[PDB]
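Peer 1: Residue numbers (the numbering used here), protein chains in the order written: chain A, 1 to 384; chain B, 1001 to 1384.
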Ligand SMILES: [Mg+2]
Ligand SMILES: [Mg+2]
Ligand SMILES: [Mg+2]
Ligand SMILES: [Mg+2]
Ligand code: NA
Ligand code: NA
């Protein structure tokens, strides 16, 4: 019974960061400050542990006591599919509180536990495809910070810095409310043009614009991007409208990648394929409720001969990318000229996603998700 | 480098069996005789091994030397996805010799190797869903053996025996060439009716008839089955005709399950979903080239809210069934009144798929595929 789960624990601690979020949830660089971060730990009878990180609300006591502990405690930790399905079945009746984000952090901690228990990196446990992968530099949403990302030229200058670092692909997130004047298609296209001019024709370029443009605006944006040879347009319209995406994909030559934020996990993503609503599928550990359903999405896409680009940085996403073939990139970011991404997090002793000078991220040969957790730091900076 | 593959070995040995195959490849009971069986073994630097069984031609020296050793020797055995994709890429140029059956046994041996190395059952390594599952009793193709499966009544009598054993589902394979008079739709329906009459309304019934009936014959067969409340009709037409299956499914109320034998792995099975060619998907370790692509097919199906019924007995298929939710049964057979399935194989010390008196097969808690191999027997009965 050494494999039986005995504890589900949450530790909230302060991390020091310059990352802030605006009222709509977009990240920007700001003053250094302390932000509450949560670590979920699952422990088995033999004392083995697995861990994963998320925002405190996602693993708050209401959710832990009412849902997570009831499913997990006393169960064989290796039954990840049964445990995931148990949580999935409880979402409908959860009064909107058992979210995909909660499923995701639980699933990740269980994968980390299995990997740590076996001394195996998660992607090797899944069945490895690649030990390294090209990353694209994923640039923060636009701002109104002088010399930051305030002008099209600012994007161009930052792109030059990213190319020098070794990135072979770059994705712009352009300007969104509450940026005072945003959004504006012509401005977004000017940023895209400045980047293409700055980096030349052989660096791959992508854009993730304001996520709720009208059909007419997204059409204008996409048509403008085709002149610049961009690789994809990402979430330019409200993803709750599958029909809008079929229409836009049919009208644009440039590949449309999606859905990123839409709910419904792998099930709903099958509908995007069935309806021809995108040319490249999207998934993400946080978007579909864990590594387990993210793998399902990757396989779904591959069966249709499609790529499925994995949304988000950090180990959990990197291991999905490393275990699968049909994905061009790991998403490395968000990035901003005021910040050095390689500084990492104060609660991790080393990067989960180090990138060489040629633009390849190498998956750390460390057990589980391979997050090099500074447990002492976390204990010294505990909130609750 | 303990995880690096050092050897790929094939041992051909004689198994004593009463199973014979007719000219079309359908199994029937016959005289006890010795049949050549092959075991593929993959070994790593640390001496750990994984094994899987197949027919000798599938792992003959041509295939092993030209394809398998070149991909595997010197590689990290845990990179199952990379190694599978490497073999898949070589199939096109293999002059038709590198078959899905060869990919399957290799993938299975690699899974067994990982599981044995880690002391973990394969389904637990994948991420467990269930430790037991209902089995249906899968009856051999019809014959002309008196008291065997020669008449509709013979199927009825055998079905009574299967129900007493504990099976909660039964699948008939009916009469096929070279049975002298076969095939005949009315005879197949009479067997189906005899079984329904024998077992009553609460045992689930399925039929896998002659695999190449015309559209008109398959339609008559399916319409006849609806009167008997059968759960599915399986491969009644040439599966190379996807369009015939769309037509048949649209015409029948009874669920059509497929494709079983069609090539193209998970890629082609996506086409069966896209075209609405079946109501229930089918996969199988031997049919799609391994546990790895079988899992992909299961996930593909689940994303569409469909079931995917796993073709074939033995550990390799049982572990797929145990790791996934969207499958009603493990297929236990082929079965015949002249044979006791629970006798098992002379080269295995115990059953990989023991079934209780309530009809549940319990996955053995043994590492890897959990095949209880009698290595001594194999050594004593070696051919080459
Ligand atoms: Mg995005
Ligand atoms: Mg298009
Ligand atoms: Mg069949
Ligand atoms: Mg129908
Ligand atoms: Na967007
Ligand atoms: Na058939």
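Backbone N, C-alpha and C fix where the C-beta goes; we use that ideal spot for every residue, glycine too.
1. Can you check whether the C-beta of residue 1055(B) is within less than 7 Å of a C-beta belonging to chain A?
2. Residue 251(A) and residue 219(A) look like a contact to me (Cβ under 8 Å); what is the Cβ gap, rounded to whole Å?
3. Assuming residue 1271(B) is part of the alpha helix (DSSP H), what are its boundary residues?
4. From the DSSP output, which residues share a beta bridge with residue 1007(B)?
5. Does the stretch 1142 to 1156 of chain B come close enough to the stretch 1119 to 1130 of chain B that 3 or more CB-CB pairs lie under 8 Å?
6. Quick one: does residue 1270(B) have its CB under 7 Å from some CB of chain A?
7. Please decide whether residue 1212(B) counts as near chain A, where near means a Cβ-Cβ distance under 7 Å.
8. What does residue 1303(B) reach in chain A if we use C-beta pairs closer than 8 Å?
9. Are any of the Cβ atoms in chain A nearer than 7 Å to that of residue 1167(B)?
10. Going by DSSP, what residues sit across from residue 1208(B) in a beta bridge?
11. Can you tell me whether residue 227(A) is buried or exposed, with buried defined as 16 or more other CB within 10 angstroms of its CB?
12. Should residue 1039(B) and residue 1011(B) be called a contact, given that it needs their Cβ atoms to be closer than 7 Å?
13. Give every residue whose Cβ lies closer than 6 Å to any heavy atom of ligand 6, listed in chain order.
14. Grab me the residues of residue 101(A)'s own chain with a C-beta within less than 7 Å of its C-beta, minus the 5 sequence neighbours each way, in chain order.
15. List in chain order: all unbroken beta strand (DSSP E) runs of 3+ residues lying wholly within the stretch 1072 to 1144 of chain B.
16. For chain B, find out if any of its Cβ atoms is closer than 7 Å to the Cβ of residue 118(A); answer yes or no.
17. For residue 79(A), would you say it is in contact with chain B, using Cβ-to-Cβ distances shorter than 7 Å as the test?
18. Alpha carbon to alpha carbon, what distance is there between residue 1175(B) and residue 1217(B)?
19. Per DSSP, which residues does residue 330(A) bridge with? Please list them.
20. Any beta-carbon of chain B closer than 7 Å to the one on residue 34(A)?
21. With a threshold of 7 Å between beta carbons, is residue 82(A) in contact with chain B?
22. Against residue 1323(B), what residues of chain A qualify as contacts under a CB-to-CB distance less than 8 Å, listed in chain order?
23. Which value, in whole angstroms, describes the spacing of the CA atoms of residue 991(B) and residue 1314(B)?
24. One question on the structure: do residue 1270(B) and residue 303(A) come within less than 7 Å of each other, judged by their Cβ atoms?
25. Spatial neighbours of residue 1017(B) within its chain, please: CB distance less than 6 Å, with the 5 preceding and 5 following residues excluded, ordered by chain position.
26. Could you tell me the boundaries of the alpha helix (DSSP H) in which residue 222(A) lies?
27. I'd like to know if residue 1124(B) contacts chain A, where contact means its C-beta is closer than 7 Å to some C-beta of that chain.
28. At a CB-CB cut-off below 8 Å, which residues of chain A make contact with residue 1130(B)?
29. Closest to residue 1171(B) by C-alpha separation, out of 1135(B), 1150(B), 1153(B) and 1185(B), would be which residue?
30. Using the Cα positions of residue 1196(B) and residue 319(A), report the straight-line distance between them to the nearest angstrom.
31. Strictly below 8 Å CB to CB, what residues from chain A border residue 1188(B)?
32. Distance, Cα to Cα, residue 379(A) vs residue 52(A)?
33. How long is the line joining the alpha carbons of residue 75(A) and residue 325(A), rounded to whole angstroms?
34. Can you grab the Cα-Cα spacing for the pair residue 235(A) / residue 83(A), in whole Å?
35. Please confirm whether residue 312(A) has its beta-carbon closer than 7 Å to some beta-carbon of chain B.
36. With a threshold of 6 Å on Cβ separation, who are the neighbours of residue 168(A) within its own chain once the five nearest residues in sequence on each side are excluded?
Peer 2: Inspection of the coordinates gives the following:
1. Answer no: the Cβ-Cβ gap between residue 1055(B) and chain A never drops below 7 Å.
2. 6 Å
3. 1265 to 1274
4. Answer is 1043(B), bridged to residue 1007(B).
5. no
6. Yes, contact with chain A.
7. no
8. 266, 267, 269, 270, 296, 297 and 300
9. no
10. 1173(B) and 1234(B)
11. exposed
12. yes
13. 1208(B), 1209(B), 1211(B), 1234(B), 1235(B) and 1236(B)
14. 54, 58 and 286
15. 1132 to 1139
16. For residue 118(A), the answer is yes, since a Cβ of chain B falls inside 7 Å of its Cβ.
17. Yes, residue 79(A) lies at the interface with chain B (some Cβ there is under 7 Å from its Cβ).
18. 14 Å
19. 135(A)
20. no
21. yes
22. Those within 8 Å of residue 1323(B) in chain A are 81.
23. One cannot answer for residue 991(B) here, as it falls past the ends of chain B, which runs 1001 to 1384.
24. yes
25. The residues are 1035.
26. 215 to 226
27. yes
28. 82
29. With distances taken between CA atoms, residue 1171(B) lies nearest to 1135(B) out of 1135(B), 1150(B), 1153(B) and 1185(B).
30. 50 Å
31. Those do not exist, as residue 1188(B) stays about 33 Å from chain A at its closest Cβ, beyond 8 Å.
32. 15 Å
33. 32 Å
34. 31 Å
35. no
36. 134 and 359
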